[PDB]
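Asker: When we follow PDB author numbering, the leftmost residue of the sequence shown carries the number 1, and every step to the right adds one. There's a structure below that I have some questions on.
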Amino acid sequence: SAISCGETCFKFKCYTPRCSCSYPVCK
């Protein structure tokens, strides 16, 4: 994953290249 990850992700917070918000995880 990119820099805009390294955390949890509820709904659709992550939308950065190679940082998908796969509720509830950013990957």
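Yeah, the Cβ is synthetic: ideal placement off N, Cα and C, and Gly gets one too.
Could you give the first and the last residue of the continuous beta strand (DSSP E) run that contains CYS21?
Answerer: Where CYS21 is concerned, the enclosing beta strand (DSSP E) stretches over 19 to 22.
Asker: Quick one, are the C-beta atoms of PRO24 and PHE10 less than 7 Å apart?
Answerer: Cβ atoms of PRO24 and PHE10: closer than 7 Å.
Asker: Taking only three categories from DSSP, how would you classify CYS26?
Answerer: The answer is strand: DSSP assigns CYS26 an E or B state.
Asker: In angstroms, rounded to a whole number, what distance separates the CA positions of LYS27 and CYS5?
Answerer: When rounded, the distance between both Cα atoms is 6 Å.
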